[PDB]
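Trainee: just the first chains of my complex for now:
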Amino acid sequence: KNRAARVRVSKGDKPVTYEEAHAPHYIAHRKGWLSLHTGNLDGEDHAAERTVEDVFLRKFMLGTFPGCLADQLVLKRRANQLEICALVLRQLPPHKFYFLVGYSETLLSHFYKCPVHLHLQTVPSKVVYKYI
Amino acid sequence: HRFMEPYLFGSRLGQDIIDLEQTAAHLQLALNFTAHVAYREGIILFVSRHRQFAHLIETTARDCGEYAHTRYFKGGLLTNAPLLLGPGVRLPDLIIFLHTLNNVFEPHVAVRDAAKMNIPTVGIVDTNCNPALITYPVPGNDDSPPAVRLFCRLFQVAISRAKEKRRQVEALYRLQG
Amino acid sequence: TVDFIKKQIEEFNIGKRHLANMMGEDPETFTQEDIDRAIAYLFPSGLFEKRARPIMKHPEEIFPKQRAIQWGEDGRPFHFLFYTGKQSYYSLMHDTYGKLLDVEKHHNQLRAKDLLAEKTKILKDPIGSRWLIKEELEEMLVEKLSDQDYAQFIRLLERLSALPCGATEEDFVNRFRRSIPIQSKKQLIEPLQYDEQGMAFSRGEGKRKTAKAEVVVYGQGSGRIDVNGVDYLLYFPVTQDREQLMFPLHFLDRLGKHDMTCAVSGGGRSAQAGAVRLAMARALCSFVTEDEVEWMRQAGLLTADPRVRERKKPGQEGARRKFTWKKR
Amino acid sequence: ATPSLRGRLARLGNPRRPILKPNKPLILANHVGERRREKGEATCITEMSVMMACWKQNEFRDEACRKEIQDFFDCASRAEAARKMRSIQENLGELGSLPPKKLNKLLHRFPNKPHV
């Protein structure tokens, strides 16, 4: 039985998101990529240099926004500037959200020597796709 | 059946004979109860599982404007109606049996579901049927084409006259004031 | 959820208005033909499933529908078989049995009066009409249908068909018939063109096992083939490859009546021969009549060869050959 | 005929010793037992005997006698045709025997009534 990126079936009460509700064989069929760049092309290079920075940011944002991050990040890479789209719950005050976004846009940009954009979308709760 | 000794007249060389006097009395009572329900705008369902006159019963129900059921009787039809038929349905106010025993020679399911849901039943019971649960039973024969035609026509005219008299009474009520 | 449906209708209307505004087309002439393309352009979601792509249609199409009202305000069901579970399927069965009894009595009266003016309309071989399938019946009758009930309905239909049908009975039986999806598998013939004072000009294309061949044939010259500038005898030394070229010509008796020039790319010694054969067969249709084209497509000259090499599988040798499976 | 059954089983009303000791209750079930791989016999044995008689007499050559070679093939073809046509004719009709797959459906239409 395949277990990679596959959440098993419970008694029928667990809420699952649109991403976890799809097996790994649905990538580019029904669900899209969480990261977009040029390193994964045919005649292009720098596949690992972007992958390590992707994983580092996956961990950094998870540690920066604990408990309030709903789903995974959307990491776009477009013309020397990288965009980070996040779906955050509205648990923290707006002042604490702005403090953290201003800290991130100034820390990650200087840490990776490239401009970073951080876009936040506040959801009231985790959007449930399948049974809940 | 043991509950047919008071409803039998005798036995002519093995074949039993039904007493037509009590047959006609019970038939009078059954037809009166059937006509009153049709006059009071009551849903009448002819439930009869018999693969010989399924077409005749459905045609009689079509000509009467009442409903019929001669196919495989589903389990939770009258009990689990809010799940089989729809969200909230209106159960038949009267159930009429033209064949009490189904193809397995066992009592039908509707004859018990009517008593379980408090629904009156008027049924033709043969010498092998159980009239213990039917409200207005009539000891007769449900295997003869002429018998089933006679019963179908009797219920046909009993529904037609009841509906026509209801319409006449409503017409008179419209002129009452 | 009627309020929700109305709110979604209003939202779709205002969103369509704003989409027409932001696209720059006239909102009155703005319809779904433009909606689909505008959405596909503004949200370039490249997926292998079209249903997963963003789509904005009418709410009556987005949200599914269900069964209509069965009983009025008084509660009395409309149909006379509502207490049967399938007020549509059992009504159809009852009407079919009634028409069957009517046809039976009509035929009995005709036999008693010694009149046989009907025929047997059951042999549907040249028409190719097949009966309905479970899906074709469940798309007509909104409610579900069981397999045994479907088989019973089909057998009752064939019973009714096995008897002399009437005037409207023929239409009643045929309204539950589905013929070939197009019923016209006959191919189209390319018109005879004339390029630079060259009459009896035709062109054809063929392919078999990754070998694409184009043939240009002239029906006015002698019988010979020009394969990539060199002779066919020198291009195909094996007898089989030359028989592959002679096969489409021998069936039409056009051995010394057509001069052809073929160009093939890909394949080996037999794939090229098969591709040239297919191209020649598809090109020679412009010189023969319809019956010979039918004979060729029945002989397999106008049909491709889908037998290609299967991809190799992990843990195997030739997509079928498995390793030595030791029992112990 | 059917053997007698009165005064055989052990009941309260029976004054003598019970004669029959049934392993299971003598109730007629509503489904018959499935036939244990109903088999058939060979064919064209008499046609093969007269065919091999030619081989044994004329020292195993077919050019000597020929009708015993053609009738054998005719019998083989007729048996091959009857193996395929009757395998559907006898399963569609019910003149003679019938498989239990139909006996069960015939008994279920008119089953036994143990209760009531």
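Mentor: That came through fine. Numbers count the residues shown, from 1 in each chain, chains lettered A, B, ... in the order given.

Trainee: what's residue 83 in contact with, if anything?
Mentor: No chain in the question, so chain A it is. If you count contacts by CB atoms under 8 Å, 6 or more residues apart in numbering or on different chains, residue A:83 has them with A:74, A:75, A:76, A:77, A:116, A:117, A:118, A:119. Placement of C-beta: from N, CA and C, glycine included.

Trainee: the chain in question should be chain C.
Mentor: Per CB under 8 Å, 6+ apart, neighbours of residue C:83: B:45, B:67, B:68, B:69, B:77, B:85, B:92, C:77.

Trainee: show only the entries of these found in strands.
Mentor: B:45, B:67, B:68, B:69 (DSSP state E).

Trainee: next up, the contacts around the closest residue in space to the first one that isn't next to it in sequence.
Mentor: So the one you mean is residue B:45. In space, and not counting its chain neighbours, residue B:45 is closest to residue B:92: 3.8 Å by CB to CB, 6 or more residues apart in numbering or on different chains. Listed by CB under 8 Å, 6+ apart, the contact set of residue B:92 reads B:43, B:44, B:45, B:67, B:119, C:83.

Trainee: biggest separation within the contacts of residue C:83, which pair?
Mentor: B:68 and B:85 (15.4 Å; CB to CB).

Trainee: turn the contacts of residue C:83 into a markdown table, including distance to residue C:62.
Mentor: Formatted as a markdown table, the contacts of residue C:83 follow (distance: CB to CB, whole Å):
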| residue | distance to residue C:62 |
| --- | --- |
| B:45 | 39 |
| B:67 | 36 |
| B:68 | 39 |
| B:69 | 38 |
| B:77 | 34 |
| B:85 | 28 |
| B:92 | 38 |
| C:77 | 30 |
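
Trainee: and chain E on top of that:
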Amino acid sequence: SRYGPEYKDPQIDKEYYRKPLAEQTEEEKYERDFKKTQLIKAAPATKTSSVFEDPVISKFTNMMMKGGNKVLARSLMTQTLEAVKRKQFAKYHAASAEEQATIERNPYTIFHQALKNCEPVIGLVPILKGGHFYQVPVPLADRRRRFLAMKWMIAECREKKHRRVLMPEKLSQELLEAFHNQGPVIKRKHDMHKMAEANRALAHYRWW
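Mentor: Putting chain E together with the chains above:
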């Protein structure tokens, strides 16, 4: 497997269509074969409408071919036919006018007659009964008999020859021996018939 159940076998015979009016019973099926919009498989690369090729020759070449090298088997068959024809021509020119009216020269006819002579009549089938296998004499189908007759000759010409003798040269003699019914293939056929006659007493074990 790429051909679905709706695909039927092609029809290569040109004469089957070159006379559609000369009959009605054959017209009745040919007028519906296409009107039913029946899909037809592609014509095989080994079979054409040539009047000089034969399905028996095709089957024998396919059974002779080792692996997938088709031109090798084709050349072997060509050399075999040529050697048969030349040996028969030598026997014809070395004979008198009386034997010229009896000695044939048609290689196809000689080959088909040899196959018909080597074609068995009845075979043996091992049936398990009582824990032991008995060789029951069983009538075989025409395709089975022809396949066995071809395989016996092919195996004998493959294994019972010398390294200096070639396959076409050996088959040119095997066909001439099988035509006169004096070859090891006829010997093996007669051995099979004798072993079937010795076991005919076990014919009651067959169930078909």
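
Trainee: chain B contacts on the stretch 1-150 of chain C?
Mentor: By CB under 8 Å from any CB of the partner chain, the residues of the stretch 1-150 of chain C that approach chain B are C:70-71, C:74-77, C:80-85, C:90, C:94, C:97-98, C:101.

Trainee: try 10 Å
Mentor: C:67, C:69-71, C:74-77, C:79-87, C:89-91, C:93-95, C:97-98, C:100-101, C:148-149 (CB under 10 Å from any CB of the partner chain).

Trainee: what about whichever residue of chain E sits closest to chain A, which helix or strand?
Mentor: Among the residues of chain E, residue E:1 lies closest to chain A, at 23.9 Å counting by CB to the nearest CB. Using DSSP states H and E, residue E:1 sits in no helix or strand.

Trainee: what count of nearby residues applies to it?
Mentor: Other residues lying near residue E:1 total 6 when counted by other CB atoms under 10 Å in any protein chain shown.

Trainee: which residues are contacting stretch C:181-189?
Mentor: With CB atoms under 10 Å, 6 or more residues apart in numbering or on different chains as the test, stretch C:181-189 has contacts from C:127-129, C:202, C:282, C:285-290, C:293-294, C:296-297, C:302-303, E:34-39.

Trainee: check contacts around the residue sitting furthest away from the middle of chain D.
Mentor: Largest separation from the mean C-alpha position in chain D: residue D:15, at 43.7 Å (CA atoms, centre = their mean). Residues in contact with residue D:15, defined by CB under 10 Å, 6+ apart, are residue D:7.

Trainee: drop RNA strand F onto that structure:
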RNA sequence: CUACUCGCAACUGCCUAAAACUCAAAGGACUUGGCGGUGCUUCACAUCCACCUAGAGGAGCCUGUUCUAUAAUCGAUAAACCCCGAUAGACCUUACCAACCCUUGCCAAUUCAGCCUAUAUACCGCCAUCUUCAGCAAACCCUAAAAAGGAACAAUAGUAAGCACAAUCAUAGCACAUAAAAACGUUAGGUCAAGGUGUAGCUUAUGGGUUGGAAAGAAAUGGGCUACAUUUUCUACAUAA
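Mentor: RNA strand F, in position alongside the others:
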């Protein structure tokens, strides 16, 4: 079906027949799984046989195992292991050993790091198997009570969201085939050695570095390559020499 009594042509006996002590159970039927070295039936479209093709067991070589032999890894090791971890071993790889060196010894810091130490019979992450088998299942209804079961298509109490199947998707046009997918679970199956880990053990060592060796075959065996020829070998060459 015991000792003590009475009686008996019985004398290793028969009839009658206790008590001390031990325990809070001992018992009959039933419902569902599991099991059976007791049975019957079903088919497998590479599957069992009737049958076809090409292979291993004969020779050599490569490679992986079980063994002897050393100071010199380990895991897997019936179907589902054996050119398997490893799509890769002169040092590094390498967790093995022998000689020698260092002990807050990668980080800003931590009476702190670090362990390829044990536990795969504590795990997650990943899979093998039945397995292209289809079944699983919340919410209702029924049973002369309900532990539980719920089916007869010429139909006898069964409806049902969603998860499986199916459909759809990919092999740039259909169909086909292939690919992909295959829930809940069995094998306490494999992986503490991809990685993190609860528990139990190391800290002048089971930790961190340098150098040198990690043989070899008495013997058996799995899987592949070359062939044992004439449909063969060599030469130029698409295949007429």
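
Trainee: re-run the earlier check on the contacts of residue A:83 with RNA strand F in the model.
Mentor: A:36, A:74, A:75, A:76, A:77, A:115, A:116, A:117, A:118, A:119.

Trainee: who wins on neighbours among these?
Mentor: Greatest neighbour count in the contacts of residue A:83, by other CB under 10 Å, goes to residue A:75: 20 neighbours.

Trainee: what helix or strand is that one located in?
Mentor: Here residue A:75 is assigned to strand A:74-78, by DSSP H and E.

Trainee: residue C:319 now?
Mentor: Going by DSSP H and E, residue C:319 is not in any helix or strand.

Trainee: circling back to that earlier point, show me what secondary structure element comes after the strand holding residue A:75.
Mentor: Next along the chain after strand A:74-78, with elements defined by DSSP H and E, is strand A:81-89.

Trainee: flag every buried residue along that following strand.
Mentor: For strand A:81-89, burial by neighbour count (16 or more other CB atoms under 10 Å in any protein chain shown) applies to A:82, A:84, A:86, A:87, A:88.

Trainee: can you report how many residues lie near residue 109?
Mentor: As the question left the chain open, I've gone with chain A. Quick note: residue A:109 (other CB under 10 Å) scores 16 neighbours.

Trainee: oops, wrong one, chain C.
Mentor: If you count neighbours by other CB under 10 Å, residue C:109 ends up with 10.

Trainee: same thing with residue A:33?
Mentor: When counting by other CB under 10 Å, one arrives at 11 neighbours for residue A:33.
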